[PDB]
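Only one structure is covered here, and it is reproduced in the block below.
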Amino acid sequence: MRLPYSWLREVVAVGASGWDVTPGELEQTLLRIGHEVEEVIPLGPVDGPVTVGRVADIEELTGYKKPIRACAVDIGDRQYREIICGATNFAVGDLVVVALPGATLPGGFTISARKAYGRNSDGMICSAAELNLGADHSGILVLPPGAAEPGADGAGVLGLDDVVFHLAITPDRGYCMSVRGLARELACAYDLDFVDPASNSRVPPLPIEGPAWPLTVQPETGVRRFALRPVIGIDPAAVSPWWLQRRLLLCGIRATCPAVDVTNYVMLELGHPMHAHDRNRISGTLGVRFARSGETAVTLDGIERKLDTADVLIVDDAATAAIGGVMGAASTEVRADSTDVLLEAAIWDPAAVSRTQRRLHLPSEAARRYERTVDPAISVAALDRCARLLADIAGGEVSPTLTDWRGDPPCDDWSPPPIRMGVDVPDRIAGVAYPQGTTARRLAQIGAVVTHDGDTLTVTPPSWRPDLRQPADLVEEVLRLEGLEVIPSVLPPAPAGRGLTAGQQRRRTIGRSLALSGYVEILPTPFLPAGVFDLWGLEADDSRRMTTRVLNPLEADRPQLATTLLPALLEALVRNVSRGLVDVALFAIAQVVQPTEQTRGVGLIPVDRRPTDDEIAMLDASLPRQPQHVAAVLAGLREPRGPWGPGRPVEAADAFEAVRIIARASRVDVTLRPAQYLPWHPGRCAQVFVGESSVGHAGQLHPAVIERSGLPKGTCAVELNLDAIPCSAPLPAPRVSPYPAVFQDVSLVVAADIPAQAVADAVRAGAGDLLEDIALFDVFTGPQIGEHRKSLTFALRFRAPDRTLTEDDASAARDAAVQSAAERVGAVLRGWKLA
Amino acid sequence: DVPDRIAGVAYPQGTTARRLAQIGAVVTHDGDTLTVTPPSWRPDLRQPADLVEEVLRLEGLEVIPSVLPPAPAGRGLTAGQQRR
């Protein structure tokens, strides 16, 4: 909302004459009581000969791209100057504003008598924007007849010493979308007496003698008030005086004709939107009703609107007269020939206006005020104010008839219910001991009726403050007018908290451990890439395809939420690689979204109580499962090149080691088992287990997936479900025998299909507790042991808890380990030695 | 009432004066202030804290409830501590 300081000042000055403040101080006062000042715009300075002129001749220059005019302009004292101008929105006889040689316009533009378009031009005719007066629109500024004489000083006529304040009003303060509301706020901030410009001393009531027009209202439309009053015999050729056109311009409204200008003007002054109908274009009774399915209306911009059954209309016998509270209709619109006007002062349902205008994308000046609730007590004051102004400007007569529907039954008292509050509640909420009388004084200032009864205040807010419903609402009024800056800064005592949960600590430890091992964390987008699971070649019934879908994604082809973190990680990997960073290891820790059913919403639970435990469980059960995952991808060199050697390319074993890094960080033991699971390579894919629970997969990606997706060759990947890895808090008590150890190596031949870990497990089971350590040294294949067999050499370390092991006790334990391997995996002993 | 405050326990009336007599002290009342003269075999009873201990241990420490204090808004670990 835009308004000029002069207007605001004039309204404040009625009750406090002489009041006047600098723009900087006004800005600061508005910020501290809660109004955001987006911009302070002093009307840009002019200097030198910028004066009113009168166009006395127009010659059309031909031959150029555009139409161009050479104008004789009267600039005062019977002096005429030739001026070239490209605008077309003016005629001979019009008052305009000329910047003549020697003048300077805002932005440092000096005017000189240049030669333009073949003729000499002694200056220019100015637009409102070139004067920094108002919005840049097509054509130059034309002042209304009689506004000033040729030669009058531009700065003074235009009022260029004004300042326009551009505010962003919050939706709880609809009453501030007008000079009435902001001036009242200023009166509160500065402790002034305030004269309400909507009051009866300032808007004396007009006569009330018979209905102004037949009206039916279906009350379930939520209309609260609907008043009409006619003005007859206005001159359709009259234009608004300059003072009115100017204020409209500074508030961002272009003047068009008095009947419309006056409704816009009174809207800005008092905050009650107003509309002017051509009464001779109304056919029969005016009806307020909901639209029907499929119904259409043409608004006064000539655009056809598809209506909704929740849209409230004004109709007559023949057509729609308005989309109520949003925009008037073409059929009753004031036109160039309109002589008899019916003025509409209505109060619509805020939510109804809010839904309708957003559906139609019509955030009009009226709609935005009705959305935030317009004061229903001033409809006839605004109607009367607006009829007088129109009759005076356009030379009509105000008819003494008035329709004023005030509900079924009529409502004669508009203020909200009384609110009841302890006198010191604001002091407690603020942590400030305000002087006595403070909250009652501030609550009267904003217009409430306040009565005292011991220590409890009863507060009845005014009708323009529908936001004041509870004690907290009143606290805010007291605190913001006192100023939040007086509230001290006092650290509370927070309780003895328990710190981070075990899960929270684990997710920190996993991140630290992966980062130290060379992985770089990314923040993964939950919006899956288009067609990713077809690139992966997943089966139609793969659970990962069962995705929750977003209705309004920013990219139409990416509406599916991620069931797996790998797509986001591979997308970051491709990005790094395409920028020349080809040796990369990335990880992410984030939830996924895994629905178990079709989207099911749970109906509104009443908010005047807490939901029950069963309602909470039902809300939870309606959501997709959202477990925490950890995942990582690797490509390129795992070990970089340097003086030590050529480096080492990423291999599947690096993904297995990432599993082990995460398991150590989680303090759990994992086992890895061969698996076939896209998008992994079937021969280089491990499924990961904690106990007998599957927690995810790791290994090298499938070469066909790599190739279809444009991934680096040999890319490896890991994804684990953190929710499936049990919590663990071990309390170790390691036995540390100091007696000497015995070292032996053993080589065992097994079928090639036997996993090395199964052999190690068997060796461990047979050797017993004397076996302190076992490590796989060598995997050897060759023709002399059989084409489908392999030799595994294990280093064994034996140690007794209470004595020096004999080398023969060690060999007894080795014999038992060999036998166990023989019985469990069919191992055959090839040889052993002392290490 | 100093023992009551230190213990966080509201002992019955007459409790500290009764216990301090039991251990052999001469106890006189003057409004809310006790004057306590310990016996010659108790050279350890020199300050009010010494008398608090006598009252609290004969009543039994097990009657003292467990009440978490409000500790202030601390600043956490120093930069050096985090670095190490």
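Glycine also receives a Cβ, built like all others from the backbone with ideal geometry; neighbour counts cover every protein chain displayed. The values are calculated or read from the model by the stated rules, or taken from the named source; these are not laboratory values.
Put simply, of A:97, A:50, A:46, A:73 the only residue that is crowded, with 17+ Cβ neighbours inside 10 Å and touching a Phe, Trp or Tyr at 6+ places or on another chain (Cβ under 8 Å) is A:73. All conditions in (1) assigned by CATH to the domain that holds residue A:593; (2) crowded, with 18+ Cβ neighbours inside 10 Å hold for residue A:468, with the sole exception of (1). Restricting A:296, A:309 to those that are touching a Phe, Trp or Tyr at 6+ places or on another chain (Cβ under 7 Å) and among the β-branched types (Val, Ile, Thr) reduces the list to A:309.
Here residue A:693 fits the description: out of contact with any strand residue (DSSP E or B) (no Cβ under 7 Å at 6 or more places or on another chain), closer than 19 Å to residue A:659 by Cβ and of a type in the set (S, T, N, Q).
Considering (1) under 30 Å from residue A:33 (Cα atoms); (2) crowded, with 22+ Cβ neighbours inside 10 Å, the lone condition that residue A:154 does not fulfil carries the number (1).
Taking (1) more than 30 Å from residue A:542 (Cβ to Cβ); (2) surrounded by 13 or more Cβ atoms within 10 Å (Cβ to Cβ); (3) small (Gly, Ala, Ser); (4) in contact (Cβ under 8 Å) with a residue 40 or more places away in the chain in turn, residue A:502 satisfies each apart from (2).
Table: residues versus (1) in a strand (DSSP E or B); (2) surrounded by fewer than 17 Cβ atoms within 10 Å (Cβ to Cβ); (3) within 60 Å of the chain's Cα centre (by Cα).
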position: A:727; (1), (2), (3): no, yes, yes
position: A:733; (1), (2), (3): no, yes, yes
position: A:737; (1), (2), (3): no, yes, no
position: A:774; (1), (2), (3): yes, no, yes
position: A:778; (1), (2), (3): yes, yes, no
position: A:792; (1), (2), (3): yes, no, no
position: A:808; (1), (2), (3): no, yes, no
position: A:829; (1), (2), (3): yes, yes, no
position: A:832; (1), (2), (3): yes, no, no
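So, of the residues in the stretch B:25-84 that are within 14 Å of another protein chain (Cβ to nearest Cβ) and polar (S, T, N, Q), which turns out to be nearest to residue A:498 (Cα to Cα)? Once the filter is applied, the top-ranked residue is B:66. Only one entry in A:756, A:663, A:752, A:655 is out of contact with any helix residue (DSSP H, G or I) (no Cβ under 7 Å at 6 or more places or on another chain), assigned by CATH to the domain that holds residue A:806 and surrounded by 13 or more Cβ atoms within 10 Å (Cβ to Cβ), namely A:756. Taking residues in the stretch B:38-50 that are under 18 Å from residue B:7 (Cα atoms), and partners anywhere that are basic (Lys, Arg) and in a loop (DSSP other than H, G, I, E, B), the pairs with Cβ atoms closer than 9 Å and at least 6 places apart or on different chains are B:50/B:42. Counted as qualifying within the stretch A:234-352 are the strands (runs of 3 or more DSSP E) with 1 or more residues that are hydrophobic (A, V, I, L, M, F, W, C), namely A:275-278, A:286-290, A:296-298, A:312-315, A:320-323, A:340-347.
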